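S.K.:
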Amino acid sequence: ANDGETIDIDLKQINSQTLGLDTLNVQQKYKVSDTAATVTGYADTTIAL
Amino acid sequence: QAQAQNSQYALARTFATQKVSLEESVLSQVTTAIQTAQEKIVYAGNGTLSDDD
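Taken in order, these protein sequences are the chains called h and R. Take 150 as the starting number for the first sequence in the entry's author numbering and just add one per residue. Take 54 as the starting number for the second sequence in the entry's author numbering and just add one per residue.
Written as structure tokens, this is what we have:
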């Protein structure tokens, strides 16, 4: 009933980062390869004639 | 003359006591108001009220 007669609660930010798991990953890198896909077709531009 | 003197003191006491009692009557409600105000303040200490609360 008097000013200051408190009992207190503390709270913590809990998430993927405060636990140090936001980049928890277990994958292994693939070996990458690329090839030249040939583009085709024609498109319609803004300019008039 | 002495009897008139006593009568005068009686009149003074009547007018006086008309007050005093009035002041207790008002101050009783004043007291209860202040008490409930204290209660509201205690409520205000709740650490988990919203701003509109």
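Note that the Cβ used here is the ideal one computed from N, Cα and C, for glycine as well.
Which residues of chain R have a Cβ atom closer than 9 Å to the Cβ of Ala150 of chain h, listed in chain order?
M.R.: Numbered from its first residue, the first sequence carries residue 150 of chain h at position 1. What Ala150 of chain h touches in chain R: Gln91 and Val95.
S.K.: List in chain order: all unbroken beta strand (DSSP E) runs of 3+ residues lying wholly within the segment 70-100 of chain R.
M.R.: Entirely contained in the segment 70-100 of chain R, not one beta strand (DSSP E) run reaches 3 residues.
S.K.: Measure the CB-CB distance between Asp159 of chain h and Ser165 of chain h and report whether it falls below 9 Å.
M.R.: The count along the first sequence starts at 1 and reaches residue 159 of chain h at position 10. The count along the first sequence starts at 1 and reaches residue 165 of chain h at position 16. Going by C-beta atoms, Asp159 of chain h is not nearer than 9 Å to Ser165 of chain h.
S.K.: Thinking C-beta only, is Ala150 of chain h closer than 9 Å to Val79 of chain R?
M.R.: As a first step, residue 79 of chain R must be located in the second sequence, where it is residue number 26. As a first step, residue 150 of chain h must be located in the first sequence, where it is residue number 1. Contact flag unset, no.
S.K.: Quick check on this structure: which residue in h:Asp157, h:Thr195 and h:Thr184 has the alpha carbon closest to the alpha carbon of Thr101 of chain R?
M.R.: Walking along the second sequence from the start, residue 101 of chain R turns up at place 48. Considering only alpha carbons, the answer is h:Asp157.
S.K.: Look at the alpha carbon of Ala65 of chain R and the alpha carbon of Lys72 of chain R, and state the distance between them as a whole number of angstroms.
M.R.: Within the second sequence, the letter at position 12 stands for residue 65 of chain R. Within the second sequence, the letter at position 19 stands for residue 72 of chain R. Going from the Cα of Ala65 of chain R to the Cα of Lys72 of chain R covers about 11 Å.
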